[PDB]
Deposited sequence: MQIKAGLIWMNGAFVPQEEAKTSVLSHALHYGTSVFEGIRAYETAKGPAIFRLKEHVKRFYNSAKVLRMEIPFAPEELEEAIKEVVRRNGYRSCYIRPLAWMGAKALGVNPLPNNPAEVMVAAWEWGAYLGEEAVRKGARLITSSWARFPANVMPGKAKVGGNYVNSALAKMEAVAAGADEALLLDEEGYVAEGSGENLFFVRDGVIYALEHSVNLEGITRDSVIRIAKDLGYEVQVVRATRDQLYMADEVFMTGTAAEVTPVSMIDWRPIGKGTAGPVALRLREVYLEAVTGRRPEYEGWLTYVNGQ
């Protein structure tokens, strides 16, 4: 099982064993929950949470999409997130805030169930490159599921694609949109490099990644030209490099897609430089990016 330890449950910390909810909870039946993925990294000055405010802002934004009411002020959630790290003595960990519709009723409409229940849990936490396979499941259109939010139900699509990719022998899935263009990974944003230029994929139906945002800023600071474009699978096949970004995935080089090697078939220099600066940033070794860190101690 997950070694989470003390979990913040609607205002107070309780042992993991006591962090449970009714099986009649609306979210367990209809996917009506929202969550975030946040990381803390150890630094010379103790644990530092990466871009906490941006993650909390998105958490509340996701709730708004479902017209879900979070009965806590953003500042309270931010304090709870800092405390879940402190109270458990974590240094490098993954933090998972979750807001879900409770068991007041089970009609499909979740409004009668407001306000949402909320909890925050956490647990302690390249050159070869990842191998991807294009999925037979398309990322949902923008008027089918809210792709800019981390809504629980959305991940049935990610789960189906990820299972398919792993079953096929790949590390991750690459999903296309319904029109046939590249969208993103089951849980990562995509980038590719061609003739020295870095191409970030347009937001289309993808989540607006905070890691993606961070990597674009880093890339420009390093002097690279960055263009935002729509891309096809074969534009990726012919790229010099391809890489993915995400809180859990950090910056991961992609060496092969659909059994077709990308460039030299191993992680490229651009993706590796971006990954290195990103890791230096999250560990408090880049003064120019200290604004992105929230020190727990």
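Unmodelled regions of the deposited chain sequence (numbering from residue 1, in sequence order): 1, 127-134, 307-308.
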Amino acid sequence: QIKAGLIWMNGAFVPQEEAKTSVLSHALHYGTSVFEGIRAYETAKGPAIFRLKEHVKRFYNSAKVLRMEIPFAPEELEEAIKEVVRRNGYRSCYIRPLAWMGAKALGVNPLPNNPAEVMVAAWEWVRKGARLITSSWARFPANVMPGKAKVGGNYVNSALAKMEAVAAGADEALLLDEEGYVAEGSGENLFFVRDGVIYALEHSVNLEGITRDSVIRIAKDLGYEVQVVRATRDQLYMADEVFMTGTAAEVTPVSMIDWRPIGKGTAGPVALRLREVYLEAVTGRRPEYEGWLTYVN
From here on, numbers count along this sequence of modelled residues.
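Just going by the entry, 210-218 versus 114-122 on mean CA temperature factor gives the higher value to 114-122.
If you average the C-alpha B-factors over 87-95 and over 168-176, the higher value belongs to 87-95. The entry lists C-alpha B-factors for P253, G265, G246, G37, and the highest of these is at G265. Among the modelled residues of its chain, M101 has a C-alpha B-factor that falls in the middle third, as given in the PDB entry. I81 sits in the highest third of its chain by CA B factor, as recorded in the PDB entry.
Per the deposited record, the Cα B-factor of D234 falls in the lowest third when ranked against the other modelled residues of its chain. In the PDB entry, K150 places in the lowest third of its chain by CA B-factor.
Remark: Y224 belongs to the middle third of its chain, ranked by C-alpha B-factor as recorded.
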